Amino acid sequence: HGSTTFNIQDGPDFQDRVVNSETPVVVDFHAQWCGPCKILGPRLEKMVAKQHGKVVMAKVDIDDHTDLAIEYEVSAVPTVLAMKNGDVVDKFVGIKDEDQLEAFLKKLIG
């Protein structure tokens, strides 16, 4: 559990690493068929990594974990949710650039 960026493995994993997270979390719902996801994912991953634990990034492949997509009412990908204390606190859909992501993260982190 050393990495601030990680693939969600299953329901349990989500509940532990995300719902029960002591730090703010960005949840990236993505799939291999989603082109914009292929740019956004790594861009967000890099920016989260640089925060060294002030925020974590939980990646959820909606093919592998379609239940989590249903639960969180995903309607397209990429969808990124900001979560804190188990609640959804912010959300965007689609690609964002580095400036936009940086703003998103600072708002979440404080």
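In this text, residue numbers run from 1 along the sequence as written.
In the PDB entry, the Cα temperature factor peaks, among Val80, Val60, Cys34, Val74, at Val74. Placement of the Cα temperature factor of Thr66 within the chain: lowest third of the modelled residues, per the deposited record. Ranked against the other modelled residues of its chain, the C-alpha B-factor of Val89 as given in the entry falls in the middle third. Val55: CA B factor in the middle third of modelled residues in this chain (values from the PDB entry).
Among the modelled residues of its chain, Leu40 has a C-alpha B-factor that falls in the highest third, as given in the PDB entry.
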